[PDB]
Amino acid sequence: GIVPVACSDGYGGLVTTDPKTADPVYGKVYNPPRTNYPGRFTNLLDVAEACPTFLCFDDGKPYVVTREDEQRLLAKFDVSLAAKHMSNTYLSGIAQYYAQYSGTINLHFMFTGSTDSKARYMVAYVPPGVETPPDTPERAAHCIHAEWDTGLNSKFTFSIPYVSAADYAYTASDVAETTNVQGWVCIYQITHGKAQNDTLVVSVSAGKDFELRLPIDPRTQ
Amino acid sequence: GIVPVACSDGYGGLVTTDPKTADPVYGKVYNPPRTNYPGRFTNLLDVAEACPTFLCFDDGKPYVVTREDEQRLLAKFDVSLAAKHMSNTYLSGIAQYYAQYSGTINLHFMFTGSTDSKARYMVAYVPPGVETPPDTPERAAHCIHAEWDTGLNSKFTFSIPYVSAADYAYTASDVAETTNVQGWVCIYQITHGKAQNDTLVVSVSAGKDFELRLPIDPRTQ
Amino acid sequence: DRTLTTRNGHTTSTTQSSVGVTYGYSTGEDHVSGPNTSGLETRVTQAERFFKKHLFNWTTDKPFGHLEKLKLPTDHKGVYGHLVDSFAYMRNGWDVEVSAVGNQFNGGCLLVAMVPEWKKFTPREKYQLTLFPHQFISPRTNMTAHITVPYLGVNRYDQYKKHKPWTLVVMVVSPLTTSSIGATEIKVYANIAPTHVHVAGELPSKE
Amino acid sequence: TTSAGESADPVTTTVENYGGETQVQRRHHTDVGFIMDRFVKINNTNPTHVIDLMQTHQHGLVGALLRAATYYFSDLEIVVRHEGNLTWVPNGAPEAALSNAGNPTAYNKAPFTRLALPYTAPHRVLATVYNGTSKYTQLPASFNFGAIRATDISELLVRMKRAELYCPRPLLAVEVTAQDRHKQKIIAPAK
Amino acid sequence: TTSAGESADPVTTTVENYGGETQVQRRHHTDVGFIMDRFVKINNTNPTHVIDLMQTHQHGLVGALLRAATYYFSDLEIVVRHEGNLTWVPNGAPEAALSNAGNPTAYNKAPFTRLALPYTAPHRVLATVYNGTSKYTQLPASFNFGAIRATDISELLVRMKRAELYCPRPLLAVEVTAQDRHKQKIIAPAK
Amino acid sequence: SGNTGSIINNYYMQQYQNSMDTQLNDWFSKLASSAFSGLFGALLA
Amino acid sequence: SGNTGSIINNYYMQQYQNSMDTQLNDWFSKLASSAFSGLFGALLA
Amino acid sequence: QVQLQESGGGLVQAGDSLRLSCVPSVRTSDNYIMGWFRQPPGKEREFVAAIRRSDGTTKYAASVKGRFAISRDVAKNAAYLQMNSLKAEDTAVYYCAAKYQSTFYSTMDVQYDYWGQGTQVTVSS
Amino acid sequence: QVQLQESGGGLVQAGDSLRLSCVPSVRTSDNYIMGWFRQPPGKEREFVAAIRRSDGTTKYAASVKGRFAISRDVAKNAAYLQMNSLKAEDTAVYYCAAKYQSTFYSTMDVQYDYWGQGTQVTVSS
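**Student:** Any chance you could explain the nonpolar core here in plain terms?
**Tutor:** Soluble globular proteins tend to bury their nonpolar side chains together. One finds A:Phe109, C:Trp94, C:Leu168, E:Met36 and E:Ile78 to be the most contacted residues of the largest nonpolar core, which totals 169 residues. Judged by nonpolar contacts, the second largest core, of 103 residues, contains B:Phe77, B:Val130, C:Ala200 and D:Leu156.

**Student:** Any chance you could explain the arrangement of the chains here in plain terms?
**Tutor:** Chain H makes no contact with chain C, the minimum C-alpha separation between the two being 33 Å. A gap remains between chain B and chain I, with no contact made and the closest C-alpha atoms lying 16 Å from each other.

**Student:** Would you take a moment to explain the side chain of A:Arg219 for this structure?
**Tutor:** Within the secondary structure, A:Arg219 sits in the segment after β15 (211-212). Among buried charged residues, A:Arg219 stands out as having no salt bridge; its nearest opposite-charge side chain is A:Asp217, 7.8 Å away. At 3.2 Å, the side chain of A:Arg219 forms a polar contact with the side chain of A:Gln96. In this view, A:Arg219 contacts A:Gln96, A:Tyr97, E:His59, E:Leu172, E:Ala173 and E:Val174; residues no more than four positions away in its chain are not counted.

**Student:** For this particular structure, what's the right way to read empty space enclosed by the protein?
**Tutor:** Of the pockets and cavities examined, the largest cavity occupies roughly 170 Å³. If you trace the largest cavity, you find 19 residues lining it, with A:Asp23, B:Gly12, B:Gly13, B:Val15 and E:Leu115 closest to the centre. Those elements that place two or more of their residues in the lining of the largest cavity are β2 (23-24) of chain A together with β7 (113-117) of chain E. Per-element accounting of the lining of the largest cavity gives the leading share, three residues, to β7(E). The residue makeup of the lining of the largest cavity, split by class, is 10 nonpolar, four polar and five charged.

**Student:** Can you walk me through the packing of aromatic side chains in this structure?
**Tutor:** Centre distance and the angle of the planes are the two values used to describe a pair of aromatic rings. All told, the structure shown has 52 aromatic pairs over all chains when counted by the stated rule. Ring centres of B:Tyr37 and D:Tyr166 lie 4.9 Å apart, and the angle between their planes is 65°; on these two criteria the pair is classed as edge-to-face. Here B:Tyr37 is found in the loop between β2 (23-24) and β3 (40-41), whereas its partner D:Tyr166 is found in strand β10 (residues 152-168) on a different chain. This pair shows no difference in class: B:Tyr37 is buried, exactly as D:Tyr166 is. Between H:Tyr100 and H:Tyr114, the aromatic rings sit 6.1 Å apart at their centres with planes inclined by 80°, giving edge-to-face as the arrangement. One end of the pair, H:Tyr100, is in the loop between β9 (92-97) and β10 (119-124); the other, H:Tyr114, is in the loop between β9 and β10, with 14 residues separating them in the sequence. With a relative accessible area of 4%, H:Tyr114 lands in the buried category. Sitting above the plane of the B:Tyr168 ring, B:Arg213 keeps its charged end 4.4 Å from the centroid. A cation over an aromatic ring shows up here: D:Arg26 above the ring of A:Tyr30, its NZ or CZ 5.3 Å from the ring centre.

**Student:** Quick question: what am I supposed to make of the pattern of salt bridges here?
**Tutor:** Where side chains of opposite charge bring their charged atoms close, a pairing between them can arise. Per the counting criterion, the structure on display carries 59 salt bridges over all chains. A salt bridge links G:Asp21 to A:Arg34; its shortest N-O distance comes to 3.3 Å. Remark: A:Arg34 occurs in the loop between β2 and β3 (40-41) and G:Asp21 occurs in the loop between α1 (14-17) and α2 (27-33); the pair is interchain, linking two chains. In this structure G:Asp21 comes out as partly exposed when scored by relative accessible area, which is 31%. The class of A:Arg34 is buried, set by a relative accessible area of 10%. The partner of I:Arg38 in a salt bridge is I:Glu46, and the shortest N-O contact between them spans 3.3 Å. Classification of I:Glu46 as partly exposed rests on a relative accessible area of 32%. In the salt-bridge network here, residues are joined through shared partners; they are A:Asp18, E:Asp37, E:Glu77, E:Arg114, E:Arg159 and E:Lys161.

**Student:** For this particular structure, what's the right way to read unusual backbone geometry?
**Tutor:** Cis geometry is adopted by the peptide bond preceding C:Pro73, which originates at C:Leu72 and carries an omega value of 5°. Residue position: C:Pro73 is located in the loop between β6 (67-72) and α1 (79-86). Positive phi values are uncommon outside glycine, yet C:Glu117 reaches one of about 55°. One non-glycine residue, I:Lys99, lies in the positive phi region at around 55°. Mapped onto the elements, I:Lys99 comes out in the loop between β9 (92-97) and β10 (119-124). We classify I:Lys99 as buried; its relative accessible area is 1%.

Calculation criteria
- Residues numbered from 1 in each chain as written, not as in the entry; some residues may be left out.
- Chains lettered and ligands numbered in written order.
- Part of a larger assembly, values for the part shown.
- Heavy atoms only, no water.
- Residues with missing side-chain atoms left out of burial classes, pairs and counts.
- Core = buried A, V, L, I, M, F, W, Y, C linked by side-chain atoms within 4.5 Å.
- Buried < 20%, exposed > 50% of the residue type's maximum accessible area, 1.4 Å probe, protein only.
- Contact = heavy atoms within 4.5 Å.
- Helix = DSSP H or I, 4+ residues; strand = E, 2+ residues; numbered from the N terminus.
- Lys, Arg positive; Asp, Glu negative; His and termini not counted.
- Salt bridge = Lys/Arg side-chain N within 4 Å of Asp/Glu carboxyl O.
- Polar contact = N/O pair within 3.5 Å; in protein donor to acceptor, adjacent residues only side chain to side chain.
- 1 Å grid on protein atoms, 1.4 Å probe; cavity = no way out; pocket = protein on both sides within 12 Å on 5 of 7 lines; lining within 4 Å.
- Points joined across faces, edges and corners; volume = space filled by probe spheres on them.
- Nonpolar A, V, L, I, M, F, W, Y, C, P; charged D, E, K, R; others polar.
- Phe/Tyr/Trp six-rings, centres within 6.5 Å; stacked < 30°, edge-to-face > 60°.
- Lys NZ or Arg CZ within 6 Å of the ring centre and 35° of its normal.

See the structure below:
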């Protein structure tokens, strides 16, 4: 006779992410050639590496200004792609569409003061385990940090490590629960000479081993 | 047991252009032989190349007549398979059943005056970018054109180029929007001697690289 | 070391505060001869040369996010202009050079980018203007930016009276800070030159 | 190029005549076997229908492209939507043969029926025009592909397989009344 | 690492700069061809709909990741849920072509219809923004994948096949009003 | 071979899917390929 | 080859499943791989 | 999806004729069956006459068999119910309908899909 | 599964307007059809107006065609029945409903799935 089959139950329905194709209806169509079209990207993390975008500090500025005060803490923000400072970034705009991440996150610090104005800065990674971050560089000198002054080269890149218990981290902070699961990043002003209104621009890009893991679609539509 | 399968959803329904076959019901039928039957065409554009057909100018004539006037503009028509002059052509009758086209369009000019009547003509391709076409050969001499007089050989073929931005063009003009997307074609009468009522017959055929792209069925039925 | 000279045609432009040349999306043009122009395109080398343009005055009261744009091609009064109004289809890239001269005792940062298919940016989208080919002008270091971009678009040839693929953008990143010994104001100029100018579809005259 | 017009020889000038360049072309969509291979409607069905291809609409794709040829050969596929059984008799059969189940009879499944029929006409080719008669505006009665029958037929579709066309004839387009060209609405997104 | 900032060269420091170790990464999920290959909704359907990809929601996965590119190329798949038949006409077709069955017409099966469509636009690439016009905020009318038509369409899904993106543009996230970070509810078992 | 897009062979024999031609020439292809091109007379480019 | 997970070949030819590209370059891959790393100046570890 | 536009209603007296028309809003390629339902004053809706789009297969009611006549215009995509020799009982509200889903003769008067707002026909004596 | 929360009922007099609202409890990604049924005192439930979630395709009853207006809020996932120029006959118990299973226009007023407890609207004269 003919081949008998078993029309299984549970199989067949449409899943919107299934790995199979549809059947065609319009054959023998040729496209106009787009050989060597400029500006192609095949990975989002390539663009996220090569193109850093600005952070958003108080008053919505991409930079922190030196302060004529006793306070040496310029800015402080959670290590979270959902932080208030990263809300306007491309790394964050990409990371909102994924469940988990892992790897390095690079910060760039560009000094835009005059030539006759010097300064010395410091950035520290404060992993979780304390309730409040430190507000003195003398006390934050015991974390992982780096120092740098101003000169001919006006840029400085610091790489935030991925240190945690699990192999991956959520790209979204759960609820009003406090004390971010990852640490904080604290920028300090060690000293400065004749730098009253000079600024330091901050931006962020993805590291060498950064990775986003599980695609989702979380926005209200 | 037997092979289990998944009766997928979305697959199965009839599409009127699908590439699969039906199952037969009447076997072992032999046709009468039609070996070397004359006049076979396997491509519409072969017939459209080898057989040109006439244009339709004012009063519905396939020809333009020399004018005893100061006006040297014989005829002018849009580069469009939906033009008023091409309404009675085979190229247009074919092109009505396709969405897009590209390539060359040839025009043929046959002089049917007496022997004692001379003339000199000119045809110019006026690409889009002007609001109104030129009406003087002195002003249309700056486009792509060709000139020719009358003699022993009574035919002349001019090839309209395909020059545009996109790789393909629509074979149908959208709406009452003016200024045809492609240019115009303007026929001029440079001079003539003792040619008062002599005519010049015009016809059109497809070029060497002409092409129609996406089959449709657009007529009210 | 930071001395650069660009020669475009019979015009040159030297700068001693060079920071490099930025190539965007490509280091050279793609196929200029395609199937849409049917073999009838020609190159014009007399149109590839510099021309000046004034962008804006960089004063101290302009905050972060102050945007100034200039769509290219602009109103050209030379050979490029007669090309644009004389042929139906054109294509060319750009070689832009922006200069903001103050003195080394100023402060601030400018962002000079070349945005394809311009559309107005929201205040939150200006934080990502560095996704396009760009450079910074910091009076601390340099007085001159230099970007070089190819031709791109949905069509291989363009009708520049209908479409403008590229747009030059200058945004205030850090406000200009001056002192008693620094320049109180800065004027910004552009020095643009088309690259690989090809034309097609000659038009009738108007005379 | 200049030539003798009254001789009626084909002439194909190029854009190379003034410096241009003839481009590569692909004509897969104007292939005769390709374009005629799509289902097209037959809008006059009866309880008994004789399959005649000259009953396709004269301005459809396949209908018009078939009127633009003098002779043709083809197999066939039909999609019938019927009530009860569907009997098919070949070319030349009595009309009373359509009431018996020795002939190809299809017991109706749910949506419709899709069959493939051969070419059964006694001639080497069929024709769309005939100059004269066949007994002792109207084509010979042997210019058909058979007949079908059901208690009532709702729709009929046909498809030409292995199509061959000969001796082309005029093929017209819609006429332009007074315009400079025939303008119509073209699909474009909303907003 | 220290470098010249105003030159705009990319700089990638490592954790090796202070004794660390760059780990192996797998970026299969941020592949352009992978992430754009999922069905996404079109929430404005009509009896006649012109398939324009800029009608996907601007904050969806595919919608937003498509707004984050200047140019793109793709084939397409659609899942339509309709009453009656569904006609599809390619890019450039008259709007009156949608009433004839010479075009791709799908006779409706029970749940819905799932087809695969090619790329029929006359341009080499399509665009999400256009600086200017195309006649003699709004993209050219030739920036579409065709049109569909039924007596009423309930839902439409689209899927990009062989997707290629060019020239990236800004892609934003939800803004944080006053918090230290954007906090939201995350799935967690009951009890 | 027009408008068929499956790679697998047919399930039914050729004797049953369609009829069989017996024996005992594209005119317009040859009529278009044999068309005149070039010029006539002399050329002064 | 993104988001397709069947090992068996397709039932329909390539000419019918999708369109065909004709001819006549990943920028950001090369722009990220050509990024600077290491240090600048001297090092005293 | 589809909306129906009716025309031609009004008032007449016994012995005259009326012509009702109905055109659907979209011209999809289906085999729809245009029909006419009437609802007399203080009574429920009932079938009058239907016609198929492909052929001219017409159904009728026992009430109106020789009097009424239904036709279709392939070009203009319309349908017309030519009412002749009206009786005073023909006073009702006349509705058109579509019935796209199935087009068989045996079921040609049982289940329609789109109605469209009814017209008023009030014949006098 | 899904529960419906109604708001905006009350008492008015003839000539005024009322606004009814209904929000479902879960925000699943379906194409549900929010509708409104009313039950007059001493009479059986009946359809008033429905709307589709995807587009703004609205059905209506012959009774309330020009007066009533229904809309949907994509953001807040709500639906509103704006009742205008109320008649003394509009006194009834107004119910919302869901109809998740099929979303075709022809059947948009026949078979709903989740009702949710009705509101009371009693217009006076």
